[PDB]
Every structure is written in structure tokens, then in C-alpha cells.
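Everything below concerns the one structure shown next.
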Amino acid sequence: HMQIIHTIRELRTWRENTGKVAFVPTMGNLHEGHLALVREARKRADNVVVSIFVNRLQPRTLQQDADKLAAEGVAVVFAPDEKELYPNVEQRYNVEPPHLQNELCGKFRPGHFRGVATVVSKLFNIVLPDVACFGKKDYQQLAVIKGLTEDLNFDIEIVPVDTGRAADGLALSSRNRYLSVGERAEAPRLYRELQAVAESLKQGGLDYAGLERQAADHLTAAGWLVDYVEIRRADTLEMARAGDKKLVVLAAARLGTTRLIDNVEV
Amino acid sequence: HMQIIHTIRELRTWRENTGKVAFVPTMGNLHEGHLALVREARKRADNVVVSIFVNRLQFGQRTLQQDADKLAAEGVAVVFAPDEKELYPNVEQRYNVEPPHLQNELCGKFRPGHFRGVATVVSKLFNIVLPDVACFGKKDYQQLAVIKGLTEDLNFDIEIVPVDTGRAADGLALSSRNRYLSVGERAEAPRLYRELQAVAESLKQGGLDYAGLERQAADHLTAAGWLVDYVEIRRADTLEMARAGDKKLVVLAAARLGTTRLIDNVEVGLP
Ligand SMILES: Nc1ncnc2c1ncn2[C@@H]1O[C@H](COP(=O)(O)OP(=O)(O)NP(=O)(O)O)[C@@H](O)[C@H]1O
Ligand SMILES: Nc1ncnc2c1ncn2[C@@H]1O[C@H](COP(=O)(O)OP(=O)(O)NP(=O)(O)O)[C@@H](O)[C@H]1O
Ligand SMILES: [Mg+2]
């Protein structure tokens, strides 16, 4: 049944003489939001590879992770150590995103999306998948991966998966475990404020900047420390232009020291 | 037997049924130097793809049929000749393979953006052709090191086969740009390799003043009419800076006769 491959060589040996492969890269500490990716992967290929890797370029629960994936019919858990993927100290050749890497979440995480684009390219060249699933909660990550896939001619179908949420709307994330009881009760307001922006856009709203500030002002007045609220073009995160019909609203804000992100496509 | 394929989709469809593939990326205008790579590729796989592709906006800062004709005799199965829009549909390349500081040394110092563009278009071609084996000429020694580097760092499962420089009778490294040389310039061109060899001979004889050998070669080419970009002694393969006791060395040079920039190198193995 399920197999745990730790080397590039063993992964490739398994993958040759296998048909269609759907691939889900993760960093472990798996939760229900990740399984939405795995379940969608299994609906697009019989053989699903889930990688678990923590990337020094961008909380180990290995046994509990693999049991959850086993019950979802995953074929291979690829969990290499750091030296397997980075045999030298440095990563000399990096996949360099455009200026997007310094916007939104990238502004306070320099080097982060470069590290995501590089490790995902490495994983792509290791697993050689036909389909790869990524969650929409990390929308900017998704744009970067779609972009590198196109620009580097990776023959891989990128499948966005919808954000799994709690009953009150909060996007599922391992970050949510940091919230105190008080902050967790307040955390659903992020998605509430994004939805009301999407409704204003649905009801013919034209002032992008006005809507972003209002949501930001509501969060700040309720105790949040807002990093950004931004309306951008869906999928690509290109600048929103007046008259665009495929939009997305994104925000990042801190309750205490925990930074939460969410988004709504309008 | 030989096919000319222009689209990525047709290349992928052909490649899918085929087993092992050896790959030779070129900018066309093919000469015997190129055919050396093609012969090496043909020794290692039944199916050899040669790509012909230029994009002067991204890297690089004879007709196709005439090129295809030279390859048809050599057992090439596919000439892959996409146009600019096929590989760069938005013109802009948003995601680039970024080399380390190496990209700004040696030829990189005189060719801003060039090795980033080479690294990127080679990765793209690797992802289109999906070869088992790719051949590159040692004449472009820094380029070869850049391609070995990205192949390892990005985990491309591709064997990188270097191929020795094919030369004219008088030693001049074969190159498409040699056609642009005046009669007088062409007769002067073999001095570059000659001086590189005399540097290698000083090294094989225990010479330790690397800086002085570099300067003498550059001053001599300068005195002979050339405009020298550089002459440098480096560690072989990695192109790291050479140190006093080093045994595996390469001497590299780039220099211009009038309008034409020429490069060459000589490897040295010291006992
Ligand atoms: N609630 C969610 N719904 C859908 N996809 C999700 C969700 N949370 C994460 N994902 C996706 O699953 C992958 C998560 O990788 P990983 O960073 O290991 O999880 P994470 O929850 O985002 N870590 P954290 O920074 O603590 O939130 C990415 O493709 C995410 O887009
Ligand atoms: N004389 C040569 N001997 C061996 N390999 C060579 C030689 N010249 C070129 N190659 C290799 O052939 C491949 C295609 O190189 P390409 O840039 O298309 O040729 P080129 O002659 O250097 N073009 P140009 O710089 O315009 O004159 C590369 O891997 C080169 O390193
Ligand atoms: Mg050429």
C-alpha cells in the first residue's frame, strides 16, 4: 500500500513505470485543509505523491502525518532530508520570481517566494508529476507556481483547491493554533470583511482604494494590526484596473503576534 | 526520416513514444563544431534532438533548410525550431533561472544578462524536450559550468556531456561568428589560441606567476591589434579562482578583432 521514499533515486525508480501522477507538496504538520488537496489529487490520478519537506530557503510529526495520508489512498510520501535536496550548503541556482515576490506577503517575507519557486521547481523535476494541487488560501504562492510553470514550460497541470474553512468561516491553517480563546472568537472577522468587499464589488462598487481602507479600518478598530487589504486581478495578482470583472480581494492582518491571511474571488 | 518540428505540443507528442533522447541545443548556422556535439549525442541515444533557436532580447547580448540539410546526414531524428512566440508567448520572461555571481565574471562581465538568459532558455528547453543526455561545447566553458550548475541545483535528471572544441586547421576555434572576419582579421585570429597554449605551457613547466602570465598574453594580443576583454587562469570545471598550487586549471580568454569578439580556452592538468 502506502510507501515512504526518502531518496531522490528511490523516488525516481518508483515513478518510472507508473502512469499518471498527481502531486501535493506540503511541509507536514498536516490538517484538514491539506486533505482537501489530497482528496482532489486522488480524483485526478490513481497514484498520488505527497511530499513533506521543510525548506530552509523559505514541527516534525512524520508518523502522524503518514497515517492520515494512508487513509486517503496516497501512494507515496516523499520525505527527503535537507542534505538530500541541498547537498551543498548553498543553493546557487534559484528560480527568480518577478516583482510580485516583494508585494503583499512578500514585502514582510523577503526571499520567501524565491525559495518557494526554487524548491517547487526542484520537486517538480524530481517527481515529474502530471498534476499538482495547491490551496487558494495561499493565493500569492499559487500565482508564483502558476507563473513559473508557464514560464519554464513545466508540463504540469496546476490545480487550485478551495480554502477549507471552519464553521464560522475562518480559513483552516496551522497558524490558527496560536490564537488565544479570545482571539479565535475574533479571527472570523477577516473573512467577513473580505466577503463584504466582494459584495460591494458585486453590487457595482468602483472605488477599489475606498473599499480596501474601509475593511482595513474595521479590522484596526477591532484590534487587528493590518498589513494589507488589496483588490487585484484574479489568478495573476496583476494590478486591478477599472472595469475588470475577474477580481480577488486579499488581506493579511495580525491578532497579537499571529499573522492571518485570507482571500475571496469576486 | 528526419522531422522539423516547430511547436512545443508536437515536440512533446513525438517525444512521448520515444525512449532515450540525446539533445543538442544550438542557435543554428551550423558548422563542424556543432556536428561534433551531434556525433557525441548520436553515440549515446538512438534519437537525437537538435534545437535551433535564438532570442536576442533574452540571451546573446544560414537558412533553416541549409541547417536541416547538414543535420539530416548525421542521424538526427528531430530538428526543433520554435519561433520566439512559441517559447516566450508574453515576450517578457517573468520567472528566470538566476545563476550565482559566476554570471557576472569572465564573459559575464562583458555580457550583462547573458548567462541568466542561457540558464533560463536551457531550463525551458530541458522541460520541453525531456532529454536523458545533453551535449555542450567546451569552447563556451563558462556556459558549460552554468549548465552543469543549474542541472544539479534544480535536479534535472539529465546527463551533461561536454564535447571538446573543434578547431580549424590553424587552431582557430570553429564558430559561426568567424564568417564576419576580414581576410586580414581571420589570418590574425589564430594568435588567441596560440597565446592560450603558451600560457598552458608555462603552467605545465611550474610557472606560479598566474597574474603575470595573464597580463603578458593580454598585452601581447593588445600589441597585435586585439582589444582584450580578459585572460584568466581559473580552476577547471568550477571556474573558481586559481590558487598557487593548483593542478587542474583552465586558461580562458575573450578578445576582439575589430567588430568580432572571439573566445577560447585551454585546460591544463598538472602532475
Ligand atoms: N485551509 C486550507 N484550505 C485549502 N488549502 C490549504 C489550506 N491551508 C493550506 N492549504 C494548502 O496546502 C498547502 C499548505 O502547505 P503548508 O505551508 O505546509 O500548510 P500551511 O497551513 O499553509 N502552513 P501555515 O503557514 O502554518 O499556514 C498549500 O498548497 C496551501 O495552499
Ligand atoms: N567549435 C566548437 N566545438 C565544439 N562545440 C562547439 C563549438 N562551437 C560551438 N559549440 C557548441 O555548440 C552549441 C551551440 O552553440 P552556438 O552558440 O549555437 O554556436 P556558436 O558558433 O558559438 N554561435 P556564435 O556565438 O553566434 O558564433 C554549444 O553547446 C556550443 O558550446
Ligand atoms: Mg550558432
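By order of appearance in the C-alpha cells: chains A, B, ..., then residues from 1 within every chain, and ligands from 1 in the order shown.
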Legend entry - Every residue of stretch 29-181 of chain B that DSSP places in helix (DSSP H, G or I), as JSON, numbers by chain: {"B": [32, 33, 34, 35, 36, 37, 38, 39, 40, 41, 42, 43, 44, 64, 65, 66, 67, 68, 69, 70, 71, 72, 84, 85, 86, 87, 101, 102, 103, 104, 106, 107, 108, 109, 110, 114, 115, 116, 117, 118, 119, 120, 121, 122, 123, 124, 125, 126, 127, 128, 129, 141, 142, 143, 144, 145, 146, 147, 148, 149, 150, 151, 152, 153, 176, 177, 178, 179, 180]}
Legend entry - Env. residues ligand 2 / 6 Å / only C-alpha atoms and all ligand atoms / as a PyMOL selection string: chain B and resi 25-28+33-34+136-140+163-167+173-177
Legend entry - Residues near residue B:227, cut-off 8 Å, only C-alpha atoms, skip fewer than 3 positions along chain, as an MDAnalysis selection string: chainID B and resid 221:222 255:258
Inset, instruction - Pick out the chain A residues within 6 Å of chain B. Count only C-alpha atoms. Give them as a PyMOL selection string. - result: chain A and resi 92-98+122+125+148+152-154
Requested write-out: N, CA, C and O atoms of the selected residues, as an mmCIF file, in the first residue's frame:
data_model
loop_
_atom_site.group_PDB
_atom_site.id
_atom_site.type_symbol
_atom_site.label_atom_id
_atom_site.label_comp_id
_atom_site.auth_asym_id
_atom_site.auth_seq_id
_atom_site.Cartn_x
_atom_site.Cartn_y
_atom_site.Cartn_z
ATOM 1 N N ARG A 92 22.831 27.538 -5.381
ATOM 2 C CA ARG A 92 23.491 28.522 -6.235
ATOM 3 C C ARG A 92 22.569 29.040 -7.335
ATOM 4 O O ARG A 92 22.644 30.219 -7.704
ATOM 5 N N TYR A 93 21.728 28.167 -7.891
ATOM 6 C CA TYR A 93 20.816 28.481 -8.992
ATOM 7 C C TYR A 93 19.400 28.520 -8.435
ATOM 8 O O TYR A 93 18.915 27.519 -7.893
ATOM 9 N N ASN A 94 18.755 29.680 -8.534
ATOM 10 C CA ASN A 94 17.452 29.879 -7.925
ATOM 11 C C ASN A 94 16.468 30.293 -9.004
ATOM 12 O O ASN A 94 16.847 30.897 -10.003
ATOM 13 N N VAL A 95 15.206 29.928 -8.831
ATOM 14 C CA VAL A 95 14.181 30.434 -9.734
ATOM 15 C C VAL A 95 13.746 31.798 -9.211
ATOM 16 O O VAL A 95 13.254 31.910 -8.082
ATOM 17 N N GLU A 96 13.955 32.838 -10.015
ATOM 18 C CA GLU A 96 13.762 34.209 -9.549
ATOM 19 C C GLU A 96 12.392 34.718 -9.970
ATOM 20 O O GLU A 96 12.168 34.941 -11.169
ATOM 21 N N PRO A 97 11.454 34.910 -9.046
ATOM 22 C CA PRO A 97 10.140 35.467 -9.417
ATOM 23 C C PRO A 97 10.289 36.904 -9.874
ATOM 24 O O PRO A 97 11.346 37.521 -9.658
ATOM 25 N N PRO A 98 9.255 37.475 -10.522
ATOM 26 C CA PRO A 98 9.266 38.922 -10.790
ATOM 27 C C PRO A 98 8.947 39.718 -9.532
ATOM 28 O O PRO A 98 8.931 39.166 -8.422
ATOM 29 N N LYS A 122 12.484 22.221 -8.017
ATOM 30 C CA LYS A 122 13.279 21.024 -7.729
ATOM 31 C C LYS A 122 12.376 19.808 -7.570
ATOM 32 O O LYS A 122 12.601 18.755 -8.187
ATOM 33 N N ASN A 125 11.006 18.630 -10.837
ATOM 34 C CA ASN A 125 11.960 17.859 -11.616
ATOM 35 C C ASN A 125 12.281 16.524 -10.978
ATOM 36 O O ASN A 125 12.813 15.650 -11.669
ATOM 37 N N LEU A 148 5.688 30.235 -12.715
ATOM 38 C CA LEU A 148 6.912 29.509 -13.052
ATOM 39 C C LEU A 148 6.602 28.324 -13.965
ATOM 40 O O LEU A 148 7.352 28.043 -14.906
ATOM 41 N N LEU A 152 8.568 28.405 -17.458
ATOM 42 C CA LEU A 152 9.615 27.401 -17.577
ATOM 43 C C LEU A 152 9.159 26.155 -18.323
ATOM 44 O O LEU A 152 9.939 25.209 -18.432
ATOM 45 N N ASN A 153 7.916 26.124 -18.818
ATOM 46 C CA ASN A 153 7.415 25.033 -19.669
ATOM 47 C C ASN A 153 7.363 23.690 -18.935
ATOM 48 O O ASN A 153 7.589 22.625 -19.524
ATOM 49 N N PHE A 154 7.057 23.730 -17.639
ATOM 50 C CA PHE A 154 6.747 22.506 -16.913
ATOM 51 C C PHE A 154 5.434 21.952 -17.438
ATOM 52 O O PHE A 154 4.407 22.636 -17.388
#
Inset, instruction - Write out as an MDAnalysis selection string which residues come within 7 Å of stretch 190-192 of chain B when counting only C-alpha atoms, dropping same-chain ones fewer than 5 positions away. - result: chainID B and resid 170:172
Please produce a file of those selected residues containing N, CA, C and O atoms, as a tab-separated table (two decimals), in the first residue's frame.
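The result, written out as again.tsv:
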chain	number	residue	atom	x	y	z
B	170	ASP	N	44.38	25.80	-38.64
B	170	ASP	CA	45.32	26.68	-37.97
B	170	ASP	C	45.04	26.86	-36.47
B	170	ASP	O	45.62	27.77	-35.86
B	171	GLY	N	44.18	26.05	-35.87
B	171	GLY	CA	43.91	26.11	-34.45
B	171	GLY	C	42.71	26.95	-34.05
B	171	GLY	O	42.21	26.78	-32.93
B	172	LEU	N	42.25	27.84	-34.92
B	172	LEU	CA	41.14	28.72	-34.55
B	172	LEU	C	39.91	27.89	-34.21
B	172	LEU	O	39.51	27.00	-34.96
Legend entry - Residue neighbourhood stretch 50-55 of chain B, 9 Å, only C-alpha atoms, exclusion window fewer than 6 positions, as a PyMOL selection string: chain B and resi 22-29+38+64+67+71+76-84+88+125
Find the spatial neighbours of residue B:232, counting only C-alpha atoms, within a cut-off of 12 Å - ignore same-chain residues fewer than 4 positions away - and output them as a PDB file with C-alpha atoms, in the first residue's frame.
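Output saved as part.pdb:
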ATOM      1  CA  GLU B 105      32.531  37.095 -14.064  1.00  0.00           C
ATOM      2  CA  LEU B 106      34.640  36.341 -17.133  1.00  0.00           C
ATOM      3  CA  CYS B 107      32.393  36.748 -20.212  1.00  0.00           C
ATOM      4  CA  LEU B 196      46.481  30.413 -24.546  1.00  0.00           C
ATOM      5  CA  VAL B 199      50.209  30.141 -21.061  1.00  0.00           C
ATOM      6  CA  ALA B 200      49.343  26.465 -20.592  1.00  0.00           C
ATOM      7  CA  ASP B 209      53.002  33.882 -11.518  1.00  0.00           C
ATOM      8  CA  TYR B 210      49.479  33.455 -12.870  1.00  0.00           C
ATOM      9  CA  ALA B 211      48.731  37.196 -12.836  1.00  0.00           C
ATOM     10  CA  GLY B 212      51.881  37.873 -14.861  1.00  0.00           C
ATOM     11  CA  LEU B 213      51.026  35.235 -17.473  1.00  0.00           C
ATOM     12  CA  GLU B 214      47.505  36.652 -17.856  1.00  0.00           C
ATOM     13  CA  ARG B 215      48.928  40.167 -18.323  1.00  0.00           C
ATOM     14  CA  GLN B 216      51.583  39.119 -20.828  1.00  0.00           C
ATOM     15  CA  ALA B 217      49.059  37.298 -23.008  1.00  0.00           C
ATOM     16  CA  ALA B 218      46.667  40.271 -22.888  1.00  0.00           C
ATOM     17  CA  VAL B 228      41.238  42.187 -24.913  1.00  0.00           C
ATOM     18  CA  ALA B 236      38.931  23.675 -14.118  1.00  0.00           C
ATOM     19  CA  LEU B 239      35.873  28.216 -12.682  1.00  0.00           C
ATOM     20  CA  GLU B 240      36.699  29.157  -9.117  1.00  0.00           C
ATOM     21  CA  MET B 241      39.709  31.445  -8.820  1.00  0.00           C
ATOM     22  CA  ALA B 242      43.014  29.662  -9.282  1.00  0.00           C
ATOM     23  CA  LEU B 249      43.404  24.583 -14.291  1.00  0.00           C
ATOM     24  CA  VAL B 250      41.814  26.281 -17.272  1.00  0.00           C
ATOM     25  CA  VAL B 251      43.113  29.355 -19.099  1.00  0.00           C
ATOM     26  CA  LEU B 252      40.256  31.415 -20.594  1.00  0.00           C
ATOM     27  CA  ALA B 253      40.322  34.441 -22.868  1.00  0.00           C
ATOM     28  CA  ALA B 254      37.941  36.745 -24.716  1.00  0.00           C
ATOM     29  CA  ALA B 255      39.280  39.284 -27.187  1.00  0.00           C
ATOM     30  CA  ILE B 263      36.702  33.295 -27.068  1.00  0.00           C
ATOM     31  CA  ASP B 264      38.725  30.170 -26.451  1.00  0.00           C
ATOM     32  CA  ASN B 265      40.348  28.266 -23.609  1.00  0.00           C
ATOM     33  CA  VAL B 266      42.942  25.578 -22.848  1.00  0.00           C
ATOM     34  CA  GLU B 267      42.740  23.077 -19.988  1.00  0.00           C
TER      35      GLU B 267
END
Legend entry - Residue contacts of residue A:120 (12 Å, only C-alpha atoms) excluding same-chain residues fewer than 3 positions away, as a PyMOL selection string: (chain A and resi 23-27+51-55+57-58+85+94-95+113-117+123-129+132-134+141-142+144-149+154+156+158) or (chain B and resi 154-155)
How about saving the chosen residues, N, CA and C atoms kept, as a compact mmCIF listing (two decimals), in the first residue's frame?
# COMPACT_ATOMS: atom_id res chain seq x y z
N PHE A 23 0.46 15.31 -7.59
CA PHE A 23 1.50 15.61 -6.61
C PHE A 23 1.04 16.75 -5.69
N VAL A 24 1.22 16.57 -4.39
CA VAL A 24 0.86 17.58 -3.40
C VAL A 24 2.05 17.92 -2.51
N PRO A 25 2.71 19.07 -2.71
CA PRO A 25 3.80 19.46 -1.80
C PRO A 25 3.27 20.12 -0.54
N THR A 26 3.78 19.66 0.60
CA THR A 26 3.39 20.14 1.91
C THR A 26 4.64 20.27 2.76
N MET A 27 4.46 20.85 3.95
CA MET A 27 5.51 20.93 4.95
C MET A 27 5.14 20.13 6.20
N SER A 51 4.66 15.16 -0.93
CA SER A 51 5.95 15.44 -0.34
C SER A 51 5.78 16.16 1.00
N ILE A 52 6.63 15.81 1.96
CA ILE A 52 6.72 16.51 3.23
C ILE A 52 8.16 16.98 3.35
N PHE A 53 8.37 18.29 3.24
CA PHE A 53 9.71 18.85 3.34
C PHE A 53 9.64 20.23 3.96
N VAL A 54 10.55 20.50 4.89
CA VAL A 54 10.70 21.81 5.50
C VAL A 54 11.95 22.46 4.90
N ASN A 55 11.76 23.65 4.32
CA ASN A 55 12.71 24.25 3.38
C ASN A 55 13.42 25.41 4.06
N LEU A 57 15.16 27.51 2.87
CA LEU A 57 15.25 28.62 1.94
C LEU A 57 13.99 29.48 1.89
N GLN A 58 12.92 29.10 2.59
CA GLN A 58 11.70 29.91 2.64
C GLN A 58 11.24 30.18 4.07
N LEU A 85 18.10 17.26 -0.74
CA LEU A 85 17.71 18.31 -1.67
C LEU A 85 18.74 19.42 -1.80
N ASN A 94 18.76 29.68 -8.53
CA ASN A 94 17.45 29.88 -7.93
C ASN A 94 16.47 30.29 -9.00
N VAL A 95 15.21 29.93 -8.83
CA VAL A 95 14.18 30.43 -9.73
C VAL A 95 13.75 31.80 -9.21
N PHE A 113 9.36 33.94 -1.60
CA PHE A 113 8.78 33.32 -2.79
C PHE A 113 9.84 32.82 -3.76
N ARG A 114 11.03 33.41 -3.72
CA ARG A 114 12.17 32.82 -4.41
C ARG A 114 12.41 31.39 -3.92
N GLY A 115 12.39 31.20 -2.60
CA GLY A 115 12.57 29.86 -2.03
C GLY A 115 11.44 28.91 -2.37
N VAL A 116 10.22 29.41 -2.43
CA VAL A 116 9.10 28.58 -2.86
C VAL A 116 9.24 28.19 -4.33
N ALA A 117 9.58 29.15 -5.19
CA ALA A 117 9.69 28.83 -6.61
C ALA A 117 10.82 27.85 -6.87
N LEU A 123 11.34 19.95 -6.75
CA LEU A 123 10.36 18.89 -6.53
C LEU A 123 9.69 18.47 -7.83
N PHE A 124 9.32 19.45 -8.68
CA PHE A 124 8.76 19.14 -9.99
C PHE A 124 9.71 18.29 -10.82
N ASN A 125 11.01 18.63 -10.84
CA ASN A 125 11.96 17.86 -11.62
C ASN A 125 12.28 16.52 -10.98
N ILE A 126 12.01 16.37 -9.68
CA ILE A 126 12.21 15.09 -9.00
C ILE A 126 11.02 14.16 -9.23
N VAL A 127 9.80 14.68 -9.04
CA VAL A 127 8.61 13.83 -9.08
C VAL A 127 8.09 13.64 -10.50
N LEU A 128 8.37 14.59 -11.39
CA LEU A 128 7.82 14.60 -12.74
C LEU A 128 6.32 14.33 -12.73
N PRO A 129 5.52 15.15 -12.05
CA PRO A 129 4.08 14.88 -11.96
C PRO A 129 3.36 15.32 -13.22
N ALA A 132 -0.52 18.90 -10.17
CA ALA A 132 -0.04 19.35 -8.86
C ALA A 132 -1.08 20.25 -8.22
N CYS A 133 -1.42 19.99 -6.96
CA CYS A 133 -2.51 20.67 -6.27
C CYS A 133 -1.98 21.63 -5.21
N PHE A 134 -2.54 22.84 -5.20
CA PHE A 134 -2.12 23.90 -4.31
C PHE A 134 -3.37 24.60 -3.80
N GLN A 141 1.36 32.53 -3.36
CA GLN A 141 2.10 31.32 -3.68
C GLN A 141 1.56 30.65 -4.94
N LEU A 142 0.23 30.62 -5.09
CA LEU A 142 -0.37 29.94 -6.23
C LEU A 142 -0.06 30.67 -7.53
N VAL A 144 2.62 32.46 -8.05
CA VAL A 144 4.04 32.24 -8.33
C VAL A 144 4.24 30.87 -8.98
N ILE A 145 3.56 29.84 -8.47
CA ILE A 145 3.73 28.50 -9.03
C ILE A 145 3.11 28.41 -10.43
N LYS A 146 1.91 28.96 -10.63
CA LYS A 146 1.35 29.01 -11.98
C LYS A 146 2.30 29.75 -12.92
N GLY A 147 2.89 30.86 -12.45
CA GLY A 147 3.78 31.63 -13.30
C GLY A 147 5.04 30.88 -13.69
N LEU A 148 5.69 30.24 -12.71
CA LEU A 148 6.91 29.51 -13.05
C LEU A 148 6.60 28.32 -13.97
N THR A 149 5.48 27.64 -13.72
CA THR A 149 5.07 26.53 -14.57
C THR A 149 4.95 26.98 -16.03
N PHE A 154 7.06 23.73 -17.64
CA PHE A 154 6.75 22.51 -16.91
C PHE A 154 5.43 21.95 -17.44
N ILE A 156 2.86 20.43 -16.52
CA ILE A 156 2.19 20.05 -15.28
C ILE A 156 0.91 20.86 -15.15
N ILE A 158 -1.61 22.64 -13.02
CA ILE A 158 -1.71 23.23 -11.69
C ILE A 158 -3.19 23.34 -11.33
N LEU B 154 18.79 22.34 -9.66
CA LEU B 154 17.36 22.19 -9.93
C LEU B 154 16.94 20.73 -10.19
N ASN B 155 17.84 19.77 -9.96
CA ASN B 155 17.54 18.33 -10.01
C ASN B 155 16.99 17.89 -11.36
Legend entry - Backbone DSSP call of strand (DSSP E) for stretch 15-169 of chain B, listed as JSON, numbers by chain: {"B": [21, 22, 23, 24, 25, 26, 47, 48, 49, 50, 51, 52, 78, 79, 80, 96, 97, 98, 133, 134, 135, 136, 137, 159, 160, 161, 162, 163]}
Inset, instruction - With only C-alpha atoms and all ligand atoms counted, collect every polymer residue having an atom within 7 Å of ligand 1; state the result as a PyMOL selection string. - result: chain A and resi 25-28+33-34+36-37+133-138+161-165+171-175
Got time to write the residues from that selection, N, CA, C and O atoms, as a CSV table (one decimal), in the first residue's frame?
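Here's the written file result-v2.csv:
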chain,number,residue,atom,x,y,z
A,25,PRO,N,2.7,19.1,-2.7
A,25,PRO,CA,3.8,19.5,-1.8
A,25,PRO,C,3.3,20.1,-0.5
A,25,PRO,O,2.4,21.0,-0.6
A,26,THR,N,3.8,19.7,0.6
A,26,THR,CA,3.4,20.1,1.9
A,26,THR,C,4.6,20.3,2.8
A,26,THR,O,5.7,19.8,2.4
A,27,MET,N,4.5,20.8,3.9
A,27,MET,CA,5.5,20.9,5.0
A,27,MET,C,5.1,20.1,6.2
A,27,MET,O,5.6,20.4,7.3
A,28,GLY,N,4.3,19.1,6.0
A,28,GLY,CA,3.9,18.3,7.2
A,28,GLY,C,3.0,19.1,8.1
A,28,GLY,O,2.3,20.0,7.7
A,33,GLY,N,-7.3,21.1,6.1
A,33,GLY,CA,-7.1,21.9,4.9
A,33,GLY,C,-6.2,21.3,3.9
A,33,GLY,O,-6.4,21.5,2.7
A,34,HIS,N,-5.2,20.5,4.3
A,34,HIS,CA,-4.3,19.8,3.4
A,34,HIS,C,-5.0,18.7,2.7
A,34,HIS,O,-4.8,18.4,1.5
A,36,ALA,N,-8.0,18.4,1.8
A,36,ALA,CA,-8.8,18.9,0.6
A,36,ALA,C,-7.9,18.8,-0.6
A,36,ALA,O,-8.4,18.5,-1.7
A,37,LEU,N,-6.6,19.1,-0.5
A,37,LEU,CA,-5.7,18.9,-1.6
A,37,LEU,C,-5.5,17.5,-2.0
A,37,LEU,O,-5.5,17.1,-3.2
A,133,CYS,N,-1.4,20.0,-7.0
A,133,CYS,CA,-2.5,20.7,-6.3
A,133,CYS,C,-2.0,21.6,-5.2
A,133,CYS,O,-1.1,21.3,-4.4
A,134,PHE,N,-2.5,22.8,-5.2
A,134,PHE,CA,-2.1,23.9,-4.3
A,134,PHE,C,-3.4,24.6,-3.8
A,134,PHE,O,-4.3,24.8,-4.6
A,135,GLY,N,-3.4,25.0,-2.5
A,135,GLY,CA,-4.5,25.6,-2.0
A,135,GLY,C,-4.6,27.1,-2.3
A,135,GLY,O,-3.6,27.8,-2.4
A,136,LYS,N,-5.8,27.6,-2.5
A,136,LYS,CA,-6.1,29.0,-2.8
A,136,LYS,C,-5.9,29.9,-1.6
A,136,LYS,O,-5.8,31.1,-1.7
A,137,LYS,N,-5.9,29.4,-0.3
A,137,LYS,CA,-5.6,30.2,0.8
A,137,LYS,C,-4.3,31.0,0.6
A,137,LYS,O,-4.2,32.1,1.0
A,138,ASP,N,-3.3,30.3,0.0
A,138,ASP,CA,-2.0,30.9,-0.3
A,138,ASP,C,-2.0,31.4,-1.7
A,138,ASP,O,-1.3,30.8,-2.6
A,161,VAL,N,-7.1,24.5,-5.3
A,161,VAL,CA,-8.1,23.9,-4.4
A,161,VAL,C,-8.7,24.9,-3.5
A,161,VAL,O,-7.9,25.8,-3.0
A,162,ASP,N,-10.0,24.9,-3.3
A,162,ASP,CA,-10.6,25.9,-2.5
A,162,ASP,C,-10.2,25.9,-1.0
A,162,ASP,O,-10.0,24.8,-0.5
A,163,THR,N,-10.1,27.0,-0.4
A,163,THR,CA,-9.8,27.1,1.0
A,163,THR,C,-10.9,26.4,1.9
A,163,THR,O,-12.0,26.8,1.9
A,164,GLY,N,-10.4,25.4,2.6
A,164,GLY,CA,-11.2,24.8,3.6
A,164,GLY,C,-11.3,25.7,4.8
A,164,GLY,O,-10.3,26.3,5.2
A,165,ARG,N,-12.5,25.8,5.4
A,165,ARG,CA,-12.8,26.8,6.5
A,165,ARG,C,-13.4,26.1,7.7
A,165,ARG,O,-14.0,25.0,7.6
A,171,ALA,N,-10.4,30.5,7.8
A,171,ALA,CA,-9.6,29.6,6.9
A,171,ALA,C,-8.8,28.7,7.8
A,171,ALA,O,-8.1,29.2,8.7
A,172,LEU,N,-8.8,27.4,7.5
A,172,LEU,CA,-8.1,26.4,8.3
A,172,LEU,C,-6.6,26.6,8.0
A,172,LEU,O,-6.2,26.8,6.8
A,173,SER,N,-5.8,26.7,9.1
A,173,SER,CA,-4.4,26.9,9.0
A,173,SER,C,-3.7,26.5,10.3
A,173,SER,O,-4.3,26.7,11.3
A,174,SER,N,-2.5,25.9,10.2
A,174,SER,CA,-1.8,25.6,11.5
A,174,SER,C,-1.6,26.8,12.3
A,174,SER,O,-1.4,26.7,13.5
A,175,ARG,N,-1.5,28.0,11.7
A,175,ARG,CA,-1.4,29.3,12.4
A,175,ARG,C,-2.5,29.4,13.4
A,175,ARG,O,-2.4,30.1,14.4
Inset, instruction - In Å, rounded to a single decimal, give me how far atom CA of residue A:76 is from atom CA of residue A:4. - result: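 Computed distance, atom CA of residue A:4 to atom CA of residue A:76, equals 5.8 Å.
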Inset, instruction - Give the answer as one residue: which of B:11, B:224, B:30, B:68 has the shortest atom-to-atom distance to ligand 3, using only C-alpha atoms and all ligand atoms? - result: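 Looking at the shortest contact to ligand 3, the residue is B:30.
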Legend entry - Best match for closeness to ligand 3 among B:243, B:1, B:179, B:43, counting only C-alpha atoms and all ligand atoms: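 Looking only at the distances to ligand 3, the closest residue turns out to be B:179.
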Inset, instruction - Would you work out the distance separating atom CA of residue B:226 from atom CA of residue B:111, expressed in Å to one decimal? - result: 18.2 Å
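Atom pair atom CA of residue A:208 / atom CA of residue A:229: separated by 10.2 Å.
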Inset, instruction - Kindly indicate which residue among A:238, A:257, A:189, A:48 lies nearest to residue A:221, using only C-alpha atoms for the distances. - result: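 Of A:238, A:257, A:189, A:48, the one nearest residue A:221 is A:189, counting only C-alpha atoms.
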Legend entry - Nearest candidate to residue B:229 (options B:75, B:108, B:113, B:60; using only C-alpha atoms):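 Among B:75, B:108, B:113, B:60, it is B:108 that comes nearest to residue B:229.
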Legend entry - Top pick for closest residue to residue B:193, considering B:237, B:118, B:262, B:19 and counting only C-alpha atoms: B:262
